[PDB]
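Below: the structure, in structure tokens.
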Amino acid sequence: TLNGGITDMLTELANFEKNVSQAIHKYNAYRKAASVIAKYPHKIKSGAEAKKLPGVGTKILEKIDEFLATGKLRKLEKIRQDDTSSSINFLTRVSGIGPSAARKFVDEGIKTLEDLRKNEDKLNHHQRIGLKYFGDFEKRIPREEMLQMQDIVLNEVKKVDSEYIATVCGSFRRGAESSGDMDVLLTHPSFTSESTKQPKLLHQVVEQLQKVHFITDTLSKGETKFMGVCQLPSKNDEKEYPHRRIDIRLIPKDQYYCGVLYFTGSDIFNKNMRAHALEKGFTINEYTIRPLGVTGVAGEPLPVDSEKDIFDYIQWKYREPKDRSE
DNA sequence: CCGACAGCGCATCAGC
DNA sequence: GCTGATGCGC
DNA sequence: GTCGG
Ligand SMILES: Cc1cn([C@H]2C[C@H](O)[C@@H](COP(=O)(O)OP(=O)(O)CP(=O)(O)O)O2)c(=O)[nH]c1=O
Ligand SMILES: [Cl-]
Ligand SMILES: [Cl-]
Ligand SMILES: [Mg+2]
Ligand code: NA
Ligand code: NA
Ligand code: NA
């Protein structure tokens, strides 16, 4: 938080470009700038000083100078008074409502939390649960609660079958004091890149976690990716815990290290690392690292026995999860 | 000093 | 229904 | 919006 005011401004600028301008490249440029400033040590005192960091060009620089001068950005002070974009920004905070849907609702005259309530029929399933738990999903999760959710999820998957391996990734694996949701990587020997012997492996896990009333709702469900809602159990007379977003991602066991690298993130770190693989002539996704040819087509998967192997290939020093919070 | 910008699962739609 | 495009979230 | 070429 040495340049919290600046990175906040940049993050709000990015939010606007994504939600209102629907210019996803402006969005990503601001958030690259926000993150490189966020880890930059000591107080930024000038747009030109900032300019030295990669991803900050002239326009961010003149914005930083204005912010440092006045404490404000006029550009944002008008965005915050513009009633239409302010309504669009707000609706995208419901999970499952993004730019298109947010602007669709606002055109129809549906502009506040109440308006969504008076209309749960114009909302797809994901959007209704996002609305149901709107206040809950804006709350972070203390690591202590994350640790309890970890023990539940793990002891339940082992109840289904003792060869499941579940790994809590996301901000938790990076060591964060709090997380926005809970991310679970799931491997089972039966499911590799060679074939799935029998699917439903993710369903059985979801089913069990539901039967014990940990998973309370579903946002999306498929054979390898579950997105839903879960809740810790409270004790007698105690206030209930908030409900929590939970994503579970089943990955071929032979592709674990690529999957755990993917799912540990952050999303910005994943994007730098993948852009850098491409410059090195490699492509990385959550399953494999593969060489880039001369034509550009991905070659065949390179062999991987650790996260560090992935790093070695693109000639990065190994970064521990803790230092991946970009 | 203009093209590329990371990559993919699931849900929903439109045109068959 | 299937295919491919888009929306959304990760 | 930014930058490597
Ligand atoms: C949103 C997003 C995510 N991920 C990968 C990396 C994430 O670390 C991981 C988990 O997604 P998410 O839970 O949204 O991010 P997080 O790092 O755990 C931050 P929070 O604690 O708020 O969940 O998915 C991406 O690779 N690209 C993305 O755009
Ligand atoms: Cl642009
Ligand atoms: Cl489809
Ligand atoms: Mg998370
Ligand atoms: Na720069
Ligand atoms: Na949303
Ligand atoms: Na997540």
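Just so we're on the same page: letters track the sequence lines, and every chain starts at 1.
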Sequence neighbours excluded, the answer for side chain to side chain contact (heavy atoms under 4.5 Å, CB included) partners of A:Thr70 is A:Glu66, A:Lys72
Between CE of A:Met9 and P of D:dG1 the distance, given in whole Å, is 13 Å
Quick note, salt bridge (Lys or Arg N to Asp or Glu O under 4.0 Å) partners involving residues 79-100 of chain A, not counting sequence neighbours, are A:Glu12-A:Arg80, A:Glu77-A:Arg80, A:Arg93-A:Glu138
From CG of A:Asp183 across to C1' of B:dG9 the rounded distance in Å is 14 Å
Hits for ring pair (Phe, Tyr, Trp, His ring centres under 6.0 Å) against A:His276, two or more places apart or cross-chain, chain-then-number order -> A:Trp316
Please determine whether salt bridge (charged side-chain N to carboxylate O under 4.0 Å, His left out) holds for the pair A:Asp312 and A:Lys308, giving the CA-CA distance in whole Å, both sets of side-chain angles, and the decisive distance to 0.1 Å. CA-CA 6 Å; A:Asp312 286 329; A:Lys308 175 170 173 293; 2.9 Å; yes
- Task: Would you mind classifying the nucleic acid contact of A:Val36 as base, sugar-phosphate or nothing, using non-hydrogen atoms under 4.0 angstrom?
- Result: nothing
**Prompt:** Under the 6.0 Å and 45° cation-pi test, does A:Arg143 pair with A:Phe172?
**Reply:** yes
A:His25 NE2 to B:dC5 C1', in whole Å, measures 6 Å
Can you give me the N/O atom pairs linking the protein to nucleotides 10-12 of chain B at distances under 3.5 Å, or say none if there are none?
unit_1 : atom_1 : unit_2   : atom_2 : d
B:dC10 : OP1    : A:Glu223 : N      : 3.1
B:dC10 : OP1    : A:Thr224 : N      : 2.9
B:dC10 : OP1    : A:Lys225 : N      : 3.0
B:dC10 : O3'    : A:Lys221 : O      : 3.4
B:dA11 : OP1    : A:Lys221 : N      : 3.0
B:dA11 : OP1    : A:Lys221 : O      : 3.2
B:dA11 : OP2    : A:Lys221 : O      : 3.4

Base, sugar-phosphate or nothing for A:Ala101? Non-hydrogen atoms, less than 4.0 Å.
sugar-phosphate
Dot-bracket assigned to DNA chain D with the 3.5 Å Watson-Crick/G-U criterion, [ ] for crossing and | for other-strand pairs, is ||||.
What does the list of N/O pairs under 3.5 Å between the protein and nucleotides 2-4 of chain B look like, with a distance for each?
none

Q.
Can you tell whether B:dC10 is stacked with B:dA11, judging only by whether their six-membered base rings have centres under 5.5 Å apart and planes under 30 degrees?
A. yes
